[PDB]
Structures are given as C-alpha cells and as structure tokens.
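Undergrad: Test case, fold it:
(8 chains, ligands or ions: 20)
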8 protein chains.
Amino acid sequence: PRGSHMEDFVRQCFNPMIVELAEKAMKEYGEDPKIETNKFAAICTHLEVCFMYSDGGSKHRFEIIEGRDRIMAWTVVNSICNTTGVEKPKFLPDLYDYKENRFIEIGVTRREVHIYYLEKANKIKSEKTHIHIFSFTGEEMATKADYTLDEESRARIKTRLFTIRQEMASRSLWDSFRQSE
Amino acid sequence: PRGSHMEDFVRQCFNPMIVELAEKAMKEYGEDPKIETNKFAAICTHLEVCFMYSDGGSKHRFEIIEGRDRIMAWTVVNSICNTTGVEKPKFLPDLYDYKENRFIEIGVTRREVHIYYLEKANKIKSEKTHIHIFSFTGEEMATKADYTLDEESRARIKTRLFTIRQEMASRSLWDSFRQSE
Amino acid sequence: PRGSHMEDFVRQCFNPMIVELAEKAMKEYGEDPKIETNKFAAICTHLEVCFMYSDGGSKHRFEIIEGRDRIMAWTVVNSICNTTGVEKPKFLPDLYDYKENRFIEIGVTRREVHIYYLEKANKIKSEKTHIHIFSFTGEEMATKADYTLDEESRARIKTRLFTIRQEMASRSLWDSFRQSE
Amino acid sequence: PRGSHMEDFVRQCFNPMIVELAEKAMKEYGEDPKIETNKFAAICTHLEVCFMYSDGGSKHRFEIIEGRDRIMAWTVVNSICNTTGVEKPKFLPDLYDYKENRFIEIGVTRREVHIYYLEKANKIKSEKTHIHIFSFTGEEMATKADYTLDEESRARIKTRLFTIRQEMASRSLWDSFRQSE
Amino acid sequence: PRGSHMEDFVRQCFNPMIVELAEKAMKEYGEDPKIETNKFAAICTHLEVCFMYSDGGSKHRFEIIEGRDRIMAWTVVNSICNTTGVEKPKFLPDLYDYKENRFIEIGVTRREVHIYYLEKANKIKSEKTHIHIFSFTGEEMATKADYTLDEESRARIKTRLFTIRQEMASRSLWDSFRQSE
Amino acid sequence: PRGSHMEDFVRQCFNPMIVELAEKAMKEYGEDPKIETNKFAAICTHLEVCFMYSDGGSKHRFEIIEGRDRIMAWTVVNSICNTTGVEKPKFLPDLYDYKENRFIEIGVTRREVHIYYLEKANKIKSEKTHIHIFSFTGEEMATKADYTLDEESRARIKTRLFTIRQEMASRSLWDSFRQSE
Amino acid sequence: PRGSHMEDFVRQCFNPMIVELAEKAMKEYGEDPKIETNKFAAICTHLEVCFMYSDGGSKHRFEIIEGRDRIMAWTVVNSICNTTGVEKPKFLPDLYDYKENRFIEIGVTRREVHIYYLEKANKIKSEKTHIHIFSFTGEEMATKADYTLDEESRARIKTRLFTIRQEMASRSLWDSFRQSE
Amino acid sequence: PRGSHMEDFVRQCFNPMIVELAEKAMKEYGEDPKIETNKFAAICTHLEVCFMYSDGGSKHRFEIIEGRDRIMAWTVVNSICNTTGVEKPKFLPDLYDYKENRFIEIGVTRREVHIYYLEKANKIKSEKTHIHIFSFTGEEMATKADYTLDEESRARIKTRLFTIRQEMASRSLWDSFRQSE
Ligand SMILES: COc1cc(CCNC(=O)c2[nH]c(-c3c(F)cccc3F)nc(=O)c2O)ccn1
Ligand SMILES: COc1cc(CCNC(=O)c2[nH]c(-c3c(F)cccc3F)nc(=O)c2O)ccn1
Ligand SMILES: COc1cc(CCNC(=O)c2[nH]c(-c3c(F)cccc3F)nc(=O)c2O)ccn1
Ligand SMILES: COc1cc(CCNC(=O)c2[nH]c(-c3c(F)cccc3F)nc(=O)c2O)ccn1
Ligand SMILES: COc1cc(CCNC(=O)c2[nH]c(-c3c(F)cccc3F)nc(=O)c2O)ccn1
Ligand SMILES: COc1cc(CCNC(=O)c2[nH]c(-c3c(F)cccc3F)nc(=O)c2O)ccn1
Ligand SMILES: COc1cc(CCNC(=O)c2[nH]c(-c3c(F)cccc3F)nc(=O)c2O)ccn1
Ligand SMILES: [Mn+2]
Ligand SMILES: [Mn+2]
Ligand SMILES: [Mn+2]
Ligand SMILES: [Mn+2]
Ligand SMILES: [Mn+2]
Ligand SMILES: [Mn+2]
Ligand SMILES: [Mn+2]
Ligand SMILES: [Mn+2]
Ligand SMILES: [Mn+2]
Ligand SMILES: [Mn+2]
Ligand SMILES: [Mn+2]
Ligand SMILES: [Mn+2]
Ligand SMILES: [Mn+2]
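TA: Residues are numbered from 1 along each chain as shown, chains lettered A, B, ... in the order given. Ligands and ions are numbered 1, 2, ... in the order given. Please see the structure below:
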C-alpha cells in the first residue's frame, strides 16, 4: 500500500464523492492514486474547482463534462454540438456554458497563470473553447478577459485553493506538490 | 416476458419514478410496456421532457397535468379553468402556465417538427392552448414563436433528447424507434 | 369513533403534518375533529392556504403565526411588535409581512368574499392589520386592493381551493360543508 | 452537574448543532457551559445570529469564520486575505463579505448598542473590518450606517433576539443574564 | 371518481405501499379499485396478512410470491421448483416455506373458515400446497392442523383482522363488505 | 407560559416522541403539561418504561396499548379479547402479552412498591390482568412473582429510573416530584 | 460504447452497489465490463452469492474478503491469520468462517459442480481452505459434505441463481453466457 | 496545526463519531489530539474495541460507560449500583454486564497482556470489577479466564486490532506508536 501520507491528506481534505471520481479517472488512464499521489491531489482539486464553478450562476447554466466517464462525456459533448451548432472540440472540455454557448476548459496550476494558459491555448485548436485558469496563489486568467462567473463565485474558488495550499504546507507536502506539475 | 432489450434500456436510461409513471399511463390505456416497448420509451421521454419543462422558470410558474391519473388530471384542469376563466380544453394538456395563463401541449417527435405541430394543432380545437414541439434532432417549434422558457432551459431539453438518441443508436434500437411513430 | 367519512377524506386529502396541526388547534379550543368534522376540514384548508401564502414571495418575507401554539404565537407576535413598532393586534393574526411591515389575516370562506371581509374587518379594531380573503369559487379580496403576493402564487391557492371543493362534491360532502360556516 | 436550569433552557431553546458548537468553543477557551451558563446562553445566541446573518443575501455572499476551530478559522481568514488583498485582522472576525470585500464583526449585547459598538471599535485596530451590533431590545448599529443585509433579514434577527429574551423572562432567568455582560 | 367512502377508508387504514400493490394487482386483472371498492379492501387485507405471515419465523424462512407481478411471481415459483424438486402448482400461491419445503396459500374470509378452506382445497389439485385460512372473527384453519408459525404470530394477524372489522363497522361499511364475498 | 423549569428538564431528559405522546395524553384528560409539570414528568416516565418493557422479549411478543388514543386503544383491547377469549378489562391496561395471554398493567411509583401494587390491585376487578410495578429506588413487584421479562431487561428499566431520579435531584426537582404522587 | 444488451440486463438485474463493485474488480484486472459483458454478469452473480452467503448464519460469523480492494483484502486475510493461526492461503479466498475457523472459496459455475470443484481444489494447495460450489441448475458441492450454512439459506441462493438464468433465457442471453465459462 | 500525519491516518482509519468522542475525551482531560497524536490513535482504538465488545452478546446485555461525559458516566455507574447492589468502583469502568452483574474494564495494550493486566489489576481495588485485556498481536487475557463473549466476537476484535497495526506499519507510524505506551 506504500502508505503515502499525501494519500491520507487527500482522503481527509476532499469530499468522499470527489475522491471516488478522481480515483476512477486516474485508474481509467492507467494511474494509481496510491503511487502518483501528487496527481491524486491534483485531480481532486481540479474536480472540486470544476464543481464549484458550475455551482456559480443560474441552475441550468452549466453542463458538467468533467467527472463523467470518457464515453459518456463525449456523448454529452456531441449532443451539445448537434443541438447548438458549436464545433466539436478536439479534446474533452470541462463544462459547457448554456448562457454564452461555449465550452469551458478549467485550469488549476502551481506556477504563474501566464504559462499554463499558453500551454492550454496551444493544445486546443478550436479557439472557440473558452479557457479559465486558476492558481493556488490567488490569480486567474480567462479568455478575452471574460471571467464568466461573478467575482464572489471566483473569489470562493481562490479562497479554497489557498486553503488547500496551507493545509499541505502544514503537513510539509506543499514543496513536493508544487515541484510535480 | 418476451425479454425485449428496448425494455432493459428504458429501465437503465430513465428515472425509476418516470418509468413507473409511464407504466401506469400505458396500462391505464390498455398497453403493455413489455410488448409495445417503442412506445414505452416514448412516454418516458415525453414524461421527462414535461418535467424538465416545468423545472424551467419560476417555482410556482407551472402546474403539471401530465403524469397524473386521468380523473385527477381533469380535476386540476377544471380548477384552473373555474379560477382563471380559461376555456376547458377538449383533450388533456400537459402543463399550465400561471405566468401566461394558458395550457401547454408538449410534443416530442421523431420526424420534422413541421408535420407534428400540424397534427397537434389540427387535433385541438381550442386555439388558446399553447403548443411547443421538440425533436430528437435538436429542433423546436412553438405557437406564435413564443417558446415560453429561456433558451438555456430549452437547450438542456434538446441536449437530453439527442443523448437518448445516441444511446439507442449505440444499442441498434434507434432505427426501430424512429420508424414506429 | 362515530366513523364520519368527512374525517377519512380530510386525512386522505391533506398533508399529515397539516392534519396534526389542525387537530392540536381544535383540541386546544375544546373541539373534537372526529365530531366537528366540517370544521376539521376547514382548519386544514385554512392552514394549508396560510402555508402556501408564506411560500410565495422571498424566503425571509413572512413570519408564520398560524399553526403555532397560542402562547408561542403571542410570543412571536410580541417580538415583532417590540422590534418594528407596529401596534399589538387584539386578535391573533395569521402571518406577518416583513416586506410591508404589517400583519396579515387570511380568510377562507364558503360564501361571497364581500360578507366575510366585512365580518373580518368588523372583528379587528386595528385597521393596520392587512386582510386577505379567499373563496372556494376562485374569488379573492384584499385590503386596499393590495393582494401582497404575485398573481401566480394567488392563482395556485385558488386552484387548490377549487380542487378541494371538487373532491368533496364527488363524495357528496360539499353540500354539508358549505352549509356549516 | 450543578443542575443549573439556565442550562436546560439553552438546550431546549437552541438548535442541537448550535449548542454543540457553543460547547466546543467554550471548552476550547477553558470554560464550562455547566458552570458559566449565562455565557453558554450568549455564545449560542451569538452563534445563531451569525448563522442567520450569513443566510441573508446571496448563496456565495458570506464566508463563515465563527463556529470553526481556532486554527481552521485563522486558515480561512488567511486564504481570504492572500486572495483579495485585505489586511489580516488582529482578532478573529465572524464573517467575510465577498460582495463588499470586508470582514464583519457581529455583536449581540444586553445594553445600549452605543457602548458595545465603542468597545468593539476600540478593540480592533483594523478600521477596515465592518462592525454590526444587535441588541435584545430591537436596536442595531453598523459601521458607516451600512447595515449590509436587507431590512427583512435584519428584522428576523431582531424578532428572534426578542423571543429569546421573553422565554428567559418567563423562566425568571432574564434578570441574571442581563446583569452578566 | 364516484367518491366511494370505502375507498377513503382503505387509503387511511392500510399502508401506502400495500395500497399501491393492491391497485396494481386489481388493474392487472381489469378491476377498478375506485369501483370495486369492497374487493379493494380485500386485496389490501389479504396482502397485509401475507406480509405479517412472512414476518413470522426466521429471516430467510419465507419467499413472498403474492404482491409480485404475474410474470415475476411465476418466475420465482419456477426457480423454487427447479431447485427443491417440488411440483409446480397449477395456480399462483402466496408464499413458499423454505423450512417445510411447501407453498402456502393464505386465505382471508368473511364467512366460516370451513367453507372457504373447502373451496380453496377443491380449487388446487396439488395437495402438497399448504393451505392456511384466517377469518375476521378470529378463527383459523390450516392443512393437517399444521399452522406453520408460532401462536403469537398468528394471534397478531387475528387481532389486526378484528381491528379492521371494527373500523369498518364504525363507518357502517362492514355490512356491505361481509355481503360481497 | 409560567416558565416552570421542571418542564425544561422533561423536554431535555425524554425523547421528543415520548414528550409528544405524554402531552396528547394529558391534554386529552384536560391537563396542562405546562402547569401540572410533576405529572408531565410522570407520564413521560411511565411511557418510556412501557416502551422499554415491550422492547424486552421477542419481536411479536407484546401489543402496546399505552400511548394510543383512547378510542384506538380500546379498539385494540377489543380485538385482542374477541380473538383470544380473554375477558375485557374494566380499565385500559398498558400492554398485552401474546406469550402468556394476559394484559399487563405497568406501574411506576415514588413510594414503596407494596402500597402502589395494593392500590393497583384494588382498582381492577379482573384479577386475570397481570400487574408489574417499578420504583425509582430499584424495586419491582409483579403478580404471582411472575416478572414476565428477563432480569437484564428489568435491570435496564431500573437503571433508567434511578438515572432520572439523579438528574432531578441535581436540579433540586426531586423533592417536589416525590411529594406529588 | 458497443451497446451490448447483456450490459443493460446486468444493470437492471443486479444491485447498483454490486454492479459498482464488479466494475471496480474487472477494471482492476484490466477488463472492460462493456466489452467482456458475459464476465460482467458473472462477477455480479458471484458477488451477490458471496453476500447472501455471509447473510446466512449469525451476525459476526463471517468476514467478507471478496469485494474489497486487493491490498485491503490481503490485509484482512493477514490479520485473520496472525490472530487465529490459520495458514495464509496462496490465492485470495471469498469469506472467513469465525465459527469453523477456515476460509471459504465460493464457486458459481455454468457446468456440473463436479468439474468446477476439481479445478478449484487443484488450484489451491492449502487443503484447509473450505470450498463451496453452486450451480445455476440448483446443485451444490462442499468440502467434506460440510455445507456450512442452513438448508434454507443455501436454498435461497439456488432460487436466485435459477431466477437469473430464467431472466437471461427470456432475453436470449443464456446460451452465450453458458458457453463462455 | 503541526500537520502530524498520524492525525490524518486516525481520521481516515476510524469512524467519524469515534473520532469525535475521542477528541472530546482528550480535550476534557487537557490533551490535544493534534499534539498527542499517538494517544489520539489509542483512545480511538480503545473506543472502537469497547463498542464492538458491547455489540457482542444480546441486545440489552451491556451498558456502555466509556464514551460518555464524566458526570454522565458516573451517573449511570451509580444507577447500576443503587439498583443491583454492586459496589461502586473507585475508577470509571468501560462497560457493565447485565448478564454477569459486573463492570468490565477493557484494555488494549502494545506490549504483552501479562504486564498490562497486572497494572490494571493493581490500579483497581474492587476485585469484583472484571478485567479483559486485548493486544495488537492477537492475544487476550480476562479475569478468572472468563472471556465473557463468544470466541467469534473476540476474534473480530483481534482481527481489527491487527488490521490497524498493519495500516500504521505501512505508513511507518507503528514504531512510534508501540514505543509510546
Ligand atoms: C495524466 O493524465 C490524466 C488525465 C485525466 C483527465 C484528463 N482530462 C481533462 O479534462 C483534464 N486533465 C487535467 C490534468 C490533471 F487533472 C492532472 C494532471 C495533468 C492534467 F492535464 N487538467 C484539466 O484541466 C482537465 O480538463 C485524469 C488522470 N490522468
Ligand atoms: C397510445 O395512447 C396513449 C396515450 C397516453 C397518454 C395520452 N395523453 C397525452 O397527453 C399525450 N400522449 C402522447 C403520446 C405518447 F406519449 C406516445 C404515443 C402517442 C402519443 F400521442 N404525446 C403527448 O404529447 C401527450 O400530451 C399514454 C399511453 N398511451
Ligand atoms: C372554533 O374556534 C376555533 C378557532 C381556531 C383557531 C382560531 N384562530 C385563528 O387565527 C383563525 N380561525 C379561523 C376559523 C376556522 F379555522 C374555523 C372556523 C372558524 C374560524 F374563525 N379562520 C381564520 O382565518 C383564523 O386566522 C381553531 C379551532 N377552533
Ligand atoms: C470568554 O471568551 C470566550 C470567547 C469565545 C469566542 C471568542 N471569539 C469571538 O469571535 C467572539 N466572542 C464573543 C463573546 C461571547 F460570545 C461571549 C462572551 C464574551 C464575548 F466577547 N462575541 C463576539 O461577537 C465574537 O465574535 C468563546 C468562549 N469564550
Ligand atoms: C378478482 O380476481 C382478482 C385476483 C387477484 C389476485 C389473484 N391471486 C391470488 O393469489 C389470490 N387472490 C384472492 C382474492 C382476492 F384477494 C379478492 C377476491 C377474490 C380472491 F380470490 N385471495 C387469495 O388468497 C389469493 O392468493 C387480484 C385482483 N383480482
Ligand atoms: C390524571 O389522569 C391521567 C391519566 C392519564 C392516562 C391514564 N391511563 C393509564 O393507563 C395510566 N395512568 C397512570 C398515571 C399517570 F401516568 C400519572 C398520574 C396518575 C396515573 F394514574 N399510570 C399508569 O400506570 C397507567 O397505565 C394521562 C393523564 N392524566
Ligand atoms: C491521559 O489520560 C486520558 C484518559 C482518558 C480516559 C480515561 N478513562 C478510561 O476509562 C480509560 N483510559 C485508557 C487510556 C487511554 F485510552 C489512553 C492512554 C492511557 C489510558 F489509560 N484505557 C482504558 O482502558 C480506559 O478504560 C482520555 C484521555 N486521556
Ligand atoms: Mn477536464
Ligand atoms: Mn480542465
Ligand atoms: Mn399529455
Ligand atoms: Mn404532450
Ligand atoms: Mn389564524
Ligand atoms: Mn385566518
Ligand atoms: Mn466571533
Ligand atoms: Mn462577534
Ligand atoms: Mn391467498
Ligand atoms: Mn400503567
Ligand atoms: Mn469465489
Ligand atoms: Mn474507560
Ligand atoms: Mn478501558
């Protein structure tokens, strides 16, 4: 079992359902949450951020693509395209905005938001897909400076991100986590 | 039991309460969900669409007529008429709009929305009853181009409709379903 | 047990919690729901109408006085007066409007709303207390034509009132109920 | 166990979860709710007021600092500061307003709101932290006359405060409670 | 809706799940619980008796055949036969005794248990199927005087049966019910 | 509200459902739990003892008569008599023993069990009804020295009775309670 | 998604938690429940049989090894060995009998129980591990003719096994399933 | 917060309610679960063992003293003494056996059960109090070789104890824990 203590923190810090979705996502890609425990903390973080993001705005505003199984996520991605007319993205996005009619790619990075946004923008060729990056320091960067949600909703996500960083720094796990991305 | 596999898909694809309401509705009209399984999938679909439709808008906006028993649905249809003054419709409608003061007939078709709207409009003589048609392809057609709900609420219904079509096409049940209406 | 069948209808027509509150209210005033079964149906009706009324509007808009015990209802009536400055009403009202700063007396009558409003207005001397009457036929009458809630919220109450009347007429209990007020 | 009857009233008057949070807060500071029962009633009162306060406004508007453990409350206080840029307060505040970008110190006093606000303002050196005082008589005083929430939300808190006072006066516990602050 | 008051008593006297199973059983056989209300009370009674019967004895002692759908009940009846070797009964029984290896036919009659047992024994040709009759007066008659369960379990069923009779006699519905079998 | 502190202890010491049943029982007999608070503690105590008593023994062993409404309790008392043949008791008993075929009168006294048993035996003329007395000191006395349940079940009731006495002595309410029977 | 209809039957026939445990077990071994759907039905069947098996007997009789994750199942297998002294089995067993002090290997086969027992006995070298085989036809074979549980508990498992076979035969999936082991 | 990783393991290994009871027990004695984390794991372990111990045997067999607050635990200890006649123990015990009429002191040690039993027996002067020691290795020692419960119930406790030891050894926390008692 290796007994990694980053693993015990992830199970105590995150929601049991978020932990289970992160485990299924990693195992589907041939990754062990017990071995690649720094990632394990990252999919949980990215998953939670995606969920609070969809919690912002109206009730029927967002369609959640992240967290589903690969086949089901691509099925919903299709149905959105064949009903609105948006182009099918090359890579699986995180959300869909029914209010702005675009897919959203949510990013959570340990470095400056400038580089990660560049890597995210260079990966996707469909420039229509909206990009929204968050950082553990409290920064954010969105496409065309369009941050989609309200300031209070984005502030809650930043607060949670910094709380996670503090809890890992208290357990001396932050240095390894930052130097793993 | 015939062992129809359209039946197993309906039970796995739809909500248990929606399946139970569709079964009671079919049996009340002398129809077997185990035999007329293409219909069985259609009442479930029509039922779900009616429910998400009422989920759009405000909390007290819609009165749900579809899904009730025949006697109870006609009792509520009455009470709405004897309190607002709207004319009693000849056939049982699906919803009532407290905001626009009209009954809504929700349609879900496998062909072009043009024909089905014509059949729905020719059936009812009370032209006051509002008609709103949806299609599995992603089209919609409403009376006087008044689509009642927001675009995001209607888009969610279209996305779900196309997801159902994909799941049946994956199980090779879509061709029989489309050629049954 | 007398075996009155109006009693069985009240238990089947109304919510179990509403039935229990009506029973405690009647017993507190020395009345048997098993004997005075026409009243029993009326306190349940009045109770439900009061509850849907408070369900209209915003979340913190209304304070519910009806349904509480006599001592507790007068305690809350006080606290509202000693904090807002409104005069203490002589008789226990049903609600309090934090938005309009007034107590509301809800009426549900079997005759024309004109007479019942007159009896309700002649009873209270505090003309500041707002009066809102409903009828089983679908009429309503409020003080200064100020109906407080939205039209859709009031329409839902009227629809429910007429549904109750129909269910009793089907059981031949409506004639006795109307001739009891 | 001393058998103080102020203790039994607190357990009957307040929510079980609010009582448990008040007990943990007192024990953390080396105080016995069974001995210092007048305080015990006050932390419960202050806790409830803080909770209804956060219930006002939008869903993601307030971050709740009061009620958490000391280390966790300071962790969230940090994360809010390192993400918004607000100065770290010297003493632990009660809430944080994501809408106005400020910490809120909620006060509940048994005397005139004028003195308590002065003591609260003299304690904190960070004049940016917003102060909102409530009284058991129905008064309130906020920094710069900015009362943050709606009138109806604040009125509900005042009504509850006066209800608590009445319930203690009925049990002859109000005189000791007022002369303990 | 006919407004039969036997119907309202059945809905108030019996469990909501038992009422729903009785309604599905009657509708499956082309019977209206709103019209044939004396039967409606009888399937509910027979259903409840069958359920308390299986509640007697050990946990895994009885397999419940009554209450299931016709196809599913015959499927379980088969599986019991193809695993134990018991002969397939001609008519659907109520229970199966894993302890005594026999099917049980439960009877609830309004006349003397002697006649009903004779009619039940003449109907089935498989003399291996055990017969257990109950009466509303407090009598019981079982095959070979083998009453299967304990005396206390059977006494509880008799007590409930007489309670149902009293509740109907109080509502003047007992005379019609007894003269309907 | 009188603000009696025996009342607050009863609400904190006993189960919410037991408190509600005791309140309905007292109000049915024209007694105020807020005024006759020493009784209020006694019906709760007697009610709880009756419930733990039925919790002893097998699952279907006891029929609970105490706690029901007067008409319903007499209905069940009848059905037990018309099915087993036991004589109808003159006064309402507490339980019925399906194992020993007798009604049980449970007593909870503040004096010696000798006197209370004599008063209980002189009240009832049906000597068949079993009598079982408990005391707050830890004594018990049953008819024909037949204590019905196991020693461990009766010991749990005695322990609970002495715990209640201690909690009242700590609040200085025991002296008034003992001198009220 | 392949749209296999054996998959839809497994999801409708088995418990949602049993389906989830079977999916995790297959994915852990690099198997797709959507592709190897005949297996998918078998792990669900084997899982359910293991669960009903542990449901037989006393409450603390069995320790469940099957269904856990590989590392956790081996951890519990150890703790049982290091506390009772039983030899560590070479392969992961299904249960442990605290009453007989032995591990149990549960088998569910589509052929005669004779061959499968031979394959199961030849696989394990620890002859101390008890073997209990079940068949879809209604047969069973246990080590030393020691069938561990009662006849009624084993009969329930056989009945369920034959019910599963019938449901697949009705959907024409039984022939492929039997010819896959 | 110190960020001790023994703390994270305790929160992941033990039940949330057991963790909360251990935290209240430590804080009551002036101990920090965040600092004295080796103890923190021990009170959780001792608490769980006490709970499974009471889960063995009949339903009303054991009275649970451990886990309660100090005043309440001594209140129940009294009531047991003043009703059965057993002598009041000098130190708070863990359980009470209604079947054997004695208090039980449960021990969980990291060394040989011989020494710990001696320390436990030398501490208490009331030789009537029964002593039952468990070890993380799988040993147990009880007074007069009377192990109270069944072998299967005690074996489950031993298995759980060894599982806890393995989980800590995997996280390299076992060496510090054993060298802390
Ligand atoms: C090693 O590869 C994987 C991928 C997944 C899901 C991929 N699908 C996404 O959509 C995805 N992944 C990531 C991401 C991460 F969460 C951790 C590390 C690196 C990443 F790129 N960030 C996103 O923002 C995102 O949208 C799960 C497990 N392992
Ligand atoms: C075979 O007849 C039936 C009818 C009902 C309910 C009828 N009442 C409606 O209200 C209704 N029916 C249908 C509909 C359908 F769902 C499937 C096929 C054909 C249809 F017309 N579409 C609607 O939109 C609608 O409102 C149930 C079972 N069988
Ligand atoms: C016989 O007297 C009573 C009174 C109460 C509550 C009185 N308090 C009110 O507040 C109240 N009562 C009534 C009302 C009614 F519900 C039925 C008949 C006559 C009425 F006036 N209508 C209201 O609108 C109202 O507000 C309960 C039982 N019996
Ligand atoms: C004796 O000291 C303590 C302090 C705490 C929490 C302190 N932290 C706060 O934040 C806090 N305390 C108080 C407060 C009170 F609730 C009662 C008496 C005096 C007070 F100042 N009023 C607030 O408004 C507030 O924000 C808990 C127990 N004992
Ligand atoms: C009109 O025919 C039906 C039959 C059923 C179920 C038949 N299957 C049984 O198994 C069954 N029926 C009856 C029974 C009854 F419940 C009421 C009247 C007459 C009866 F014979 N008594 C039993 O004991 C029994 O086992 C449902 C509706 N209508
Ligand atoms: C003032 O009269 C009442 C009577 C009832 C219920 C009567 N029915 C019983 O069955 C009953 N009553 C009492 C009892 C008591 F609980 C308190 C004081 C005196 C008593 F005799 N002890 C029993 O043991 C018992 O069985 C409720 C309220 N007030
Ligand atoms: C540092 O002192 C404490 C004591 C308590 C509860 C004492 N009451 C008992 O009853 C108790 N304590 C312990 C025990 C332990 F769990 C850990 C270390 C040493 C111990 F002796 N083992 C038992 O078996 C037992 O019955 C809580 C916190 N700190
Ligand atoms: Mn993604
Ligand atoms: Mn992303
Ligand atoms: Mn319709
Ligand atoms: Mn329609
Ligand atoms: Mn009123
Ligand atoms: Mn009114
Ligand atoms: Mn504070
Ligand atoms: Mn404050
Ligand atoms: Mn039958
Ligand atoms: Mn009694
Ligand atoms: Mn196996
Ligand atoms: Mn202890
Ligand atoms: Mn101990």
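
Undergrad: what residue is smack in the middle of chain A?
TA: Against the mean C-alpha coordinate of chain A, by C-alpha atoms, centre = their mean, the closest residue is residue A:46 at 3.0 Å.

Undergrad: What strand or helix carries that one?
TA: Counting by DSSP states H and E, the element that carries residue A:46 is helix A:37-55.

Undergrad: which other helices and strands contact that helix?
TA: Under the contact criterion of 3 or more C-beta pairs under 8 Å, 6 or more residues apart in numbering or on different chains; DSSP states H and E, helix A:37-55 touches helix A:5-13, helix A:16-28, strand A:62-64, strand A:95-97, strand A:102-109, helix A:151-170, helix A:174-178. C-beta coordinates here come from the backbone N, C-alpha and C atoms, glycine included.

Undergrad: one step back: check contacts around the residue nearest to the centre of chain A.
TA: Residue A:46 sits next to A:66, A:106, A:108 when contact means C-beta atoms under 8 Å, 6 or more residues apart in numbering or on different chains.

Undergrad: at 6 Å instead, please
TA: residue A:108 (C-beta atoms under 6 Å, 6 or more residues apart in numbering or on different chains).

Undergrad: Distance check, it against residue A:118.
TA: In this view, residue A:46 and residue A:118 are 18 Å apart by C-beta to C-beta, to the nearest Å.

Undergrad: wait, does stretch A:161-172 contact chain D?
TA: Yes - using C-beta under 6 Å from any C-beta of the partner chain, stretch A:161-172 reaches chain D at A:162, A:163, A:166.

Undergrad: How about stretch A:133-150?
TA: Yes - counting by C-beta under 6 Å from any C-beta, chain D has neighbours in stretch A:133-150: residue A:138.

Undergrad: buried stuff in that stretch?
TA: A:133-138, A:140-143, A:148-150 (16 or more other C-beta atoms under 10 Å in any protein chain shown).

Undergrad: Please apply the same query to stretch A:57-71.
TA: A:57, A:60, A:61, A:62, A:63, A:65, A:66, A:67, A:68.

Undergrad: For the second one, give me its contacts.
TA: Put plainly, it is residue A:60. Residue A:60 sits next to B:152, B:153, B:156 when contact means C-beta under 6 Å, 6+ apart.

Undergrad: secondary structure element for it?
TA: Residue A:60 belongs to no helix or strand, assigned by DSSP H and E.

Undergrad: Give me the distance between it and residue B:113.
TA: 22 Å.

Undergrad: now do the fifth one
TA: With distances defined as C-beta to C-beta, the gap from residue A:63 to residue B:113 amounts to 23 Å.

Undergrad: And for residue A:14, nearest residue in space, chain neighbours not counted?
TA: Of all residues not flanking residue A:14 in the chain, residue A:44 sits nearest, at 4.4 Å (C-beta to C-beta, 6 or more residues apart in numbering or on different chains).

Undergrad: is it true that the one you found touches residue A:20?
TA: No - if you go by C-beta atoms under 6 Å, residue A:44 and residue A:20 don't touch, sitting 10.0 Å apart.

Undergrad: Which one's more surrounded, these two?
TA: residue A:44 (24 against 13; other C-beta atoms under 10 Å in any protein chain shown).

Undergrad: partners of the closest residue to residue A:104 other than its chain neighbours in the sheet?
TA: Among residues not flanking residue A:104 along the chain, residue A:95 sits closest, at 4.1 Å (C-beta to C-beta, 6+ apart). Beta-bridge pairing of residue A:95 under DSSP bridges involves residue A:64, residue A:104.

Undergrad: So residue A:131 belongs to a helix, correct?
TA: No - under DSSP: H, G, I helix; E, B strand; the rest coil, residue A:131 sits outside any helix and is assigned strand.

Undergrad: Tell me who's in contact with it.
TA: Contacts of residue A:131 (C-beta under 6 Å, 6+ apart): A:105, A:120, A:143.

Undergrad: and those as JSON lines, adding distance to residue B:29?
TA: Below are the contacts of residue A:131 laid out as JSON lines (distance: C-beta to C-beta, whole Å):
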{"residue": "A:105", "distance to residue B:29": "48"}
{"residue": "A:120", "distance to residue B:29": "54"}
{"residue": "A:143", "distance to residue B:29": "52"}
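
Undergrad: I'd like the residues you listed as a markdown table, with distance to chain G appended.
TA: Listed next are the contacts of residue A:131 as a markdown table, based on distance: C-beta to the nearest C-beta, whole Å:
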| residue | distance to chain G |
| --- | --- |
| A:105 | 24 |
| A:120 | 28 |
| A:143 | 32 |
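
Undergrad: Just give me the neighbour total for the closest residue to residue A:6 other than its chain neighbours.
TA: Nearest non-adjacent residue to residue A:6, counting by C-beta to C-beta, 6+ apart: residue A:37, 4.0 Å away. Counted by other C-beta under 10 Å, the residues lying close to residue A:37 total 22.

Undergrad: and if you look at residue A:40?
TA: Applying other C-beta under 10 Å, we find 25 other residues in the vicinity of residue A:40.

Undergrad: Would you quantify the distance from it to residue H:171?
TA: In this view, residue A:40 and residue H:171 are 16 Å apart by C-beta to C-beta.

Undergrad: My read is that the residue nearest to residue A:104 contacts residue A:66, right?
TA: No - if you go by C-beta under 6 Å, residue A:95 and residue A:66 don't touch, sitting 7.1 Å apart.

Undergrad: hang on, the earlier thing: identify the residues contacting the residue nearest to residue A:6.
TA: A:4, A:6, A:7.

Undergrad: Same list (those residues) but as JSON lines, adding neighbour count and distance to residue D:15.
TA: Formatted as JSON lines, those follow (neighbours: other C-beta atoms under 10 Å in any protein chain shown; distance: C-beta to C-beta, whole Å):
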{"residue": "A:4", "neighbour count": "20", "distance to residue D:15": "40"}
{"residue": "A:6", "neighbour count": "22", "distance to residue D:15": "37"}
{"residue": "A:7", "neighbour count": "22", "distance to residue D:15": "36"}
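
Undergrad: would CSV of those with distance to residue G:179 be doable?
TA: Shown next, in CSV, are the contacts of residue A:37 (distance: C-beta to C-beta, whole Å):
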residue, distance to residue G:179
A:4, 45
A:6, 47
A:7, 43
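
Undergrad: Give me the subset of those residues that also touch ligand 18.
TA: Counting by C-beta under 5 Å from the ion, the subset of the contacts of residue A:37 that neighbours ligand 18 is empty.

Undergrad: from the residues you listed, which is closest to ligand 16?
TA: Checking those against ligand 16 by C-beta to the ion gives residue A:7 as the nearest, at 57.2 Å.

Undergrad: ok so, going back, now go through the buried residues of stretch A:133-150 and say which are in strands.
TA: A:133, A:134, A:135, A:140, A:141, A:142 (DSSP state E).

Undergrad: Out of the residues you listed, which two sit at the greatest distance?
TA: Taking C-beta to C-beta, the two most distant members of those are A:135 and A:142; they sit 12.4 Å apart.

Undergrad: and the residue nearest to residue A:129 when sequence neighbours are not counted, how far is that from residue B:87?
TA: Setting aside the residues directly before and after it, residue A:129 is nearest to residue A:103 in space (C-beta to C-beta, 6+ apart), at 4.6 Å. The spacing between residue A:103 and residue B:87, counted by C-beta to C-beta, is 46 Å.

Undergrad: between the two, which one's more packed in?
TA: Under the criterion of other C-beta under 10 Å, the comparison of residue A:103 against residue B:87 puts residue A:103 first, with 27 against 12.
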